[PDB]
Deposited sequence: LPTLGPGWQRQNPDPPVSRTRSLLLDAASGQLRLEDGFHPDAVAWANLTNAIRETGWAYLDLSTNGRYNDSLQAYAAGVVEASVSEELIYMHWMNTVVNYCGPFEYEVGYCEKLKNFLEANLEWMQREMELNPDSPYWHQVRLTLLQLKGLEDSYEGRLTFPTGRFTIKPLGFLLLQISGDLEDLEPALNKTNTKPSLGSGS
């Protein structure tokens, strides 16, 4: 019903490592209480540590979130997007267009960040995408904190974030959720 995990930075090795329980020295920690059977909700509480820079905090936030919610992520993926643009998809035209659109959009953001290292706006965008990268990396069980550019998979955990955006991307890309 409940699980707590912290992400530590081993200064010795410079390696990030997950530990069970609460370690307020860690870069981040989270705990999840699953009360779905009783209330229809689970509850996640997550904190990051201001002693580390915000890029590392953001990546760590994704990591610890995935770490305490892996089961729920798997089930939600299966319930909602497991078939979306899969290996047997009939609409190969649309799926290729979508993938191309997302890859180009992600690349464009990475370029803007590189071109604007002093921008507050692009700093906030980078924090958001670092959190997404940490969520996926942690779910896949292999951590790698990027100090420069990084590649978000167009059809990985990005798909859990773009359900609303897809309501419009579909017709915009001529394909043949939330709202009315």
Check: What are the missing stretches of the deposited sequence, listed from start to end?
Finding: 1 to 16, 193 to 198
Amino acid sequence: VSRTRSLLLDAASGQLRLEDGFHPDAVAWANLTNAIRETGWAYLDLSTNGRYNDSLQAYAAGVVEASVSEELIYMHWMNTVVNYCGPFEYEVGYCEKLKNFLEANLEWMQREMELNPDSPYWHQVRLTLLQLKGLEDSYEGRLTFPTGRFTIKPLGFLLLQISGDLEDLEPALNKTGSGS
From here on, numbers count along this sequence of modelled residues.
Next item on the list: Taking the mean of the C-alpha B-factors per stretch from the entry, tell me the winner out of 19 to 27 and 6 to 14.
Entry: 6 to 14
Next item on the list: Tell me which of 136 to 144 and 42 to 50 has the higher mean C-alpha B-factor in the deposited entry.
Entry: 136 to 144
Check: Which one of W108, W77, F88, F101 shows the biggest C-alpha B-factor in the PDB entry?
Finding: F88
